[PDB]
């Protein structure tokens, strides 16, 4: 496909256009839940949920690159210590058939801290627990752009909020010509915005076709669930 766009205003439990891995799934309240909390989960648990059809990210014959924009609102819920809750969620591009890996601080995308070009992953993380708990991260909750590694290229301090009472709207735009990836988180209750920009050439990083989706993880003791409220996306090789 050259152009693609799909909007989910809700999420039905009988959906047929989303593949889930780990313990992610749509729930009765029509919410896309990325990770389950409570008992009977491994110490590092989480889930991935991606659009069933692989996106045509770049064309190897024309050399053309596709620009894209995606928006979604998510909220988080925790029972105990919020400031100490792990680990967050992610929006990512990767080979559509990539397995679910290590959860917790690795979000399900990476199996350890070693950076490897073979991941062909580009994720915009919303990390809720950093150093010293998560060594490789800055000393505070934040947002970052992950390129083939759990360690961001660039990041921004995020003062995380929990509860349905604090829904966050995210919007990511990747400008193909300037290779600029910009993601912003905005708490609508008060317009508390934040954004992390970066210049990454997806043509070098990602494969011809990739999946676009989400991932969410937490940790025993510091459990919290991360869930998507809706989603929008639009790809296009043909400029604007």
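Positions refer to the first chain, counted from 1.
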| property | result |
| --- | --- |
| Entry-level comparison of average CA B-factors, 207-215 and 169-177, reporting the higher stretch | 169-177 |
| Selected stretch [higher average CA B-factor]: 59-67 or 43-51 | 59-67 |
| Candidate set 144, 104, 130, 95 [ranked by C-alpha B-factor, highest] | 130 |
| Relative C-alpha B-factor of residue 134, binned into the chain's lowest, middle or highest third | highest |
| Chain-relative CA temperature factor third for residue 226 | lowest |
| Lowest, middle or highest third - CA B-factor, residue 110 | middle |
| Relative C-alpha B-factor of residue 148, binned into the chain's lowest, middle or highest third | lowest |
| Third assignment of residue 37 from its chain's C-alpha B-factors | highest |
